[PDB]
Number of protein chains: 6
Amino acid sequence: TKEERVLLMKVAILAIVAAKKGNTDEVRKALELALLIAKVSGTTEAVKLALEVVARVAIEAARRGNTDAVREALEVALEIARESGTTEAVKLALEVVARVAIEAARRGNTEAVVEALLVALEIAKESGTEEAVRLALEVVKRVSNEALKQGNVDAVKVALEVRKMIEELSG
Amino acid sequence: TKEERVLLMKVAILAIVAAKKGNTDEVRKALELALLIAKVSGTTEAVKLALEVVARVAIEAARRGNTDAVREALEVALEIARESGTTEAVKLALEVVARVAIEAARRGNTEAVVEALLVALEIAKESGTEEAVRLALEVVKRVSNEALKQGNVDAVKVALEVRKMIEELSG
Amino acid sequence: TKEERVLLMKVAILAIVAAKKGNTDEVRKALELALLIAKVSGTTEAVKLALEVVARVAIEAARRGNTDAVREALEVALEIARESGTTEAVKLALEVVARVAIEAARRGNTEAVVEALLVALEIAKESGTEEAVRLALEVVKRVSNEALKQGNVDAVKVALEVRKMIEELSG
Amino acid sequence: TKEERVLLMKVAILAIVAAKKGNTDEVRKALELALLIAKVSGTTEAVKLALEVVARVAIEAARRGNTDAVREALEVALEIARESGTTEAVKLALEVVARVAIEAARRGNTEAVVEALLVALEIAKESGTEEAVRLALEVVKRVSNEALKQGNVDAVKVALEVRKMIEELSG
Amino acid sequence: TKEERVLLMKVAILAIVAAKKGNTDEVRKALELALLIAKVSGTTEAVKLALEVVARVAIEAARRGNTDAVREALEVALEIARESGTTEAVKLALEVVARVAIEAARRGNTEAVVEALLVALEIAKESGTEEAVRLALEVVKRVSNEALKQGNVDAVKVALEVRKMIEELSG
Amino acid sequence: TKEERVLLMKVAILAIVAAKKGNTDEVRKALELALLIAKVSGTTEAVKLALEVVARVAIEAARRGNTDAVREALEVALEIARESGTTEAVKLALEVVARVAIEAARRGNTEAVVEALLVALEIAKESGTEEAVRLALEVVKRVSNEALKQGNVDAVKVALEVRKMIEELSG
């Protein structure tokens, strides 16, 4: 557990600096490594830690302006939850998305926010559960709330549309 | 004693220039030779001198940018202390790590710093003593302090995380 | 203590000049560094000093017209008090807010004043204590008093509304 | 003596041009070489000459805008005085700092001035003598006086704060 | 002493021309610089000279019609006396106020006169001495006398009210 | 002699055009080169020619509005006279100052005039002779006379104050 966490910390640091440099390719690799570490462990803790790694990278990438890296990280978050196959992991992945979109909205990176909002829906769709859908709606709410506080009306408008889309997907 | 010191001086000079050239393979060999010399002597002085050799090489390698050589040297420092099997040697090895990480942080080689900080923990873990743990925390402190003076916030952040990790390892 | 104070002084100077330049991004980083320094110290003095740094930056930013930097600094003031987790720190953070809003009102930066007044409420809310609420009301009073002396009726009107809102939040 | 002076002149010229080019790494090496030459000589004259080299480099670096090189040179000035271990050398090092900060203030490089002012304190602290403290205060005075003549109020304000800090360090 | 006076003369000239231009912001800065110069000197002479600077600026500003600059200068006069902490400085600051209000009344700038009359009271209040109160009443008298000579009945009426208010403040 | 004069002519032309462009940094260098040429020659003629160069640059800079360049040139004029160490050179430097201040007053650049008037005093102070003081007073007179002809009352007022200050400096 500890050793895995330490290695995941290494991955996070590398991917963050790579995103700051602009080396999105390296970021993608590191994000995959985070998944692979969690997969090798086969533990819920490792999965959560890997999702934490993804969050940190996407947040800093969004702050840097590296939306491409953010998009990849958001997809990886979903993939990690899918690999776990647990409701908890799905919720954690949605938490990752929330954190990224919130900080992106605060940064002004509305493009990253839009992507994250879409990913939130996709994560809930992958789960196929009412809970996941509700959690995704919570993610969207959080983004629009903090975006409204920031003044990022564009992000708020997008979030409102996505909120509807999530409900439509649920049916 | 004197002859051993002189031979260790030779090893240091060779490994330093090899690291500057980029010949990490040669550096690794020289680092092993330093250990072997100390082992043949079987004295605390020789062990300390060998650790001094390692320090010099890793410091100059970090300044050169040869992080790979630094990583190896840091591991060798631990191995030397392990071969001695003394608390003093452990402390001296931690001193080596401190020197490298401090100069690396001043150089801007945060990657080398991160590795050195992890090695500091590993050295304390190998000892398995409260003193060694405290000494490792002192190493981390020194790095973060000097890094803060340099302006290397990245190294400071890493050091803070490692400080926690060391305490966690102690329990 | 001294070394931390000196480093915090460095942070203040940098953030102030960055705000004057218009580099709000750099200001945000410096404000975070102030917090990090206080966190590393773990002392009430360091926390107070970090809040002093924030005050200086926000005041000069308000004078410059960099309201964005002011808003960030005001939030950081709260965060510093939250990190401390002490009533004193909360009071000190409210003192920071007061200083900024007063000077902003004197400058004519009513927008910054409005934000600061809201933050005062938020700080009291974060504390969740009657004392903090009363202190926040004192902050609002000070602003409206000095604004009235300046002639900034707009700031006075806003302060009066916020005063009510604070009382409403207390209940 | 003469030969050492001539070699120190070579070092000065190289470091100055390197600083103008932007090769701070080369400057750092040259600054170390100046120290090494003085150390090999083992004379007060050589020490003074090495400090003169440092002054010239830092002054031209400050004029160029290479504050990083200036910071290094200022530290080397201290180190040279420390290597000598004499009150005279300490005074001479403080003279070096004064010259740099004065010309930096005239240039407009307030950042370099701030660093130099801090170094002045550090030099006095390293000496640990009342005389050195007074000399450091003289350095600060000179900077603020000439900065006031230039119109560099920012440097003056910083100098005033440092003046206090020096007195505080003395106690 | 001489150098400080010369620098204060520079400040005066700049602030006067800035007030004539309408750059009140620059005037405020220059007024602060006058204070800072006196503070750095730490002499009664420098304090008096700084108050002379303030007087000149406020007088010319009142003649120009820049009442805003006058108000600031009047406040600075008080602050200078406060920084000195001497009865003499308080008297000198009241002399500054008198000069401004008298010339403003002669100019026809009754608004500036009203402000100056209020400041006279505030200065006496800050001192907290019977002498200062009497001196403030002398200031008011001088204004009303010269205003009556000019024909500025409005200023006279205001002065009479302020005279009462000063006595009321004394009690 | 001739070759030096021709090179000084080159320097003048370059510095003048640089001042017109706004490249004050280049002007400062060229002004130093003028001094260096005179120093290399070691003749009174070369010194006079270098002062002529300075005059031309400062005059055109004042006409352009580049007061910063003028201030530097005025200081260089003093430095040239100081390097010579002769009464004649001092007188010539004062002549340079006169020419600049007169043309600046005619241009309307009162700020440049004020600086030049102060420099005139400083030149006389550097000489430390009664003759130099009298010559400096002559410089001030010339400026006020021509300024009065132009209508530049501001320059006249300043000149009158400086005239006193010069007499005060003499004692």
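Residues numbered from 1 in each chain as written, not as in the entry; some residues may be left out. Chains lettered and ligands numbered in written order. Part of a larger assembly, values for the part shown. Heavy atoms only, no water.

Per the deposition metadata, cryo-EM was the technique used to determine this entry, at a resolution of 5.9 Å.

As recorded by the PDB entry, chain A carries the name DHF46 filament and is attributed to synthetic construct. Per the header of the deposited record, the title is "DHF46 filament".

Let us look at the overall build of chain A. For chain A, the count of helices and strands is 8 helices and 0 strands. Its C-alpha atoms give chain A a radius of gyration of 15 Å, within 12% of the compact-globule value 16 Å for 171 residues. Its C-alpha atoms give chain A principal-axis dimensions of roughly 40 × 35 × 20 Å. A buried classification covers 48% of the 171 residues belonging to chain A. In chain A, the share of contacts with a sequence separation of at least 24, taken over all contacts with a separation of at least 6, comes to 73%. When the accessible area of chain A is evaluated, it comes to approximately 8,600 Å², of which 49% is carbon and sulfur surface. Averaging the positions of the 26 positive and the 28 negative side-chain charges in chain A gives two centres separated by 5 Å. (Helix = DSSP H or I, 4+ residues; strand = E, 2+ residues; numbered from the N terminus. Rg over C-alpha atoms; globule rule 2.2 N^0.38 Å. Buried < 20%, exposed > 50% of the residue type's maximum accessible area, 1.4 Å probe, protein only. Contact = heavy atoms within 4.5 Å. Areas by Shrake-Rupley, 256 points an atom, 1.4 Å probe, with all protein chains shown as cover. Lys, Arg positive; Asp, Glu negative; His and termini not counted. Charge placed at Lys NZ, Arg CZ, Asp CG, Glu CD.)

Moving on: helix 3 (residues 44–64) of chain C. With 21 residues, helix 3 of chain C extends 30 Å between its outermost C-alpha atoms, agreeing within 8% with the 30 Å of an ideal straight helix rising 1.5 Å per residue. Just past helix 3 of chain C, the residue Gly65 of chain C takes up positive phi, approximately 110 degrees. (Expected span 1.5 Å × (residues − 1).)

Residue and element names in this part refer to chain F. Orientation of helix 3 (residues 44–64) relative to helix 5 (residues 87–107), taken along the N-to-C sense of each, is 15 degrees, at an axis distance of 9 Å. When the axes of helix 3 and helix 5 are compared, the pair comes out roughly parallel. As helix 3 packs across helix 5, the resulting crossing turns out to be right-handed. Together, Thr44, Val47, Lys48, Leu51, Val54, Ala55, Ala58, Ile59, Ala62 and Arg63 of helix 3 and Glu88, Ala89, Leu92, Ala93, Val96, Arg99, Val100, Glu103, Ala104 and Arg107 of helix 5 make up the contact between the two elements. For the contact of helix 3 with helix 5, a count of residues per class yields 13 nonpolar, 1 polar and 6 charged. (Axes fitted to C-alpha atoms, helices over the stretch in contact; angles between N-to-C directions. Parallel < 35°, antiparallel > 145°, perpendicular 65-115°, else oblique. Left-handed = near helix turned anticlockwise from the far one by under 90°. Nonpolar A, V, L, I, M, F, W, Y, C, P; charged D, E, K, R; others polar.)

What follows covers the interface of chain B and chain C. Listed as interface residues are 6 residues of chain B and, on the opposing side, 7 residues of chain C. Both sides of the chain B and chain C interface together cover about 520 Å² of buried area, and 67% of this is carbon and sulfur. For the pair chain B and chain C, the number of links is 2 salt bridges. A salt bridge links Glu32 of chain C to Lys157 of chain B; the nearest nitrogen and oxygen atoms lie 4.0 Å apart. (Buried area = accessible area lost by both parts, 1.4 Å probe. Salt bridge = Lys/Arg side-chain N within 4 Å of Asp/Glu carboxyl O.)

Bringing the arrangement of the chains into the picture now. The closest approach of any C-alpha atom in chain B to one in chain E is 30 Å; the two make no contact. Taking C-alpha atoms only, the smallest gap left between chain A and chain F, which are not in contact, amounts to 35 Å.

Attention now moves to the environment of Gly85 of chain A. All names here are of chain A. Residue position: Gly85 is located in the loop between helix 4 (67–84) and helix 5 (87–107). For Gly85, a relative accessible area of 64% puts it in the exposed group. Sequence separation between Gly85 and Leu51 is 34 residues, and the spatial gap between their C-alpha atoms is 14 Å.

Right, let's get into helix 7 (residues 130–150) of chain C. Think of an α-helix as turning once every 3.6 residues; residues three or four places apart then point the same way. Residue and element names in this part refer to chain C. Between its first and last C-alpha atoms helix 7 spans 30 Å; for 21 residues at 1.5 Å apiece the expected length is 30 Å, and the two agree. Of all the positions in helix 7, only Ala132, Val133, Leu135, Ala136, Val139, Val140, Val143, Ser144, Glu146 and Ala147 are classed as buried. Buried residues along helix 7 sit against helix 5 (87–107), helix 6 (110–127) and helix 8 (153–170). Where helix 7 ends, the next residue or the one after it, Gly151, has phi of about 110 degrees, a positive value.

Here we come to the pattern of salt bridges. Within this structure, the stated rule accounts for 122 salt bridges over all chains. Among the salt bridges present, the one from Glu72 of chain A reaches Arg28 of chain A, with a minimum N-O distance of 3.3 Å. A residue pair is termed long-range when its members are at least 10 positions apart, and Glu72 of chain A in helix 4 and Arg28 of chain A in helix 2 (residues 24–41) qualify at 44 residues. Residue classification places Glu72 of chain A among the buried positions, given a relative accessible area of 17%. For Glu103 of chain C, the salt bridge is made with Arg106 of chain C, and the minimal N-O distance between the two is 3.0 Å. Here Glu103 of chain C pairs with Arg106 of chain C, and both are found in helix 5, just 3 residues apart, close to one helical turn. Given the relative accessible area of 17%, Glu103 of chain C is considered buried.

All names here are of chain D. You can see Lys29 is positioned in helix 2 (residues 24–41). Owing to a relative accessible area of 44%, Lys29 belongs among the partly exposed residues under this scheme. Separated by 14 residues in sequence, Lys29 and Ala15 have C-alpha atoms that sit 8.4 Å apart. One polar contact links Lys29 to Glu26, side chain to side chain, over a distance of 3.1 Å. (Polar contact = N/O pair within 3.5 Å; in protein donor to acceptor, adjacent residues only side chain to side chain.)

By the element assignment, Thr110 of chain B lies in helix 6 (residues 110–127). In contact with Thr110 of chain B, other than residues within four places in its own chain, are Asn152, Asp154 and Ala155 of chain B.

Here we take up the environment of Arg28 of chain F. Judged by relative accessible area, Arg28 of chain F falls into the partly exposed class, the value being 33%. C-alpha of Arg28 of chain F to C-alpha of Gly128 of chain F: the two residues are 100 residues apart in sequence and 27 Å apart in space. Setting aside chain neighbours within four positions, we find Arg28 of chain F in contact with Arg107 of chain D together with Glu72 of chain F. In this structure the side chain of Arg28 of chain F is engaged in a polar contact, spanning 3.1 Å, whose partner is the side chain of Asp25 of chain F.

Residue and element names in this part refer to chain F. Here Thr67 shows up in helix 4 (residues 67–84). Accessibility expressed as a relative area gives 9% for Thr67, which makes it buried. When near neighbours in sequence (up to four residues on either side) are disregarded, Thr67 contacts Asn109, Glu111, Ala112 and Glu115.

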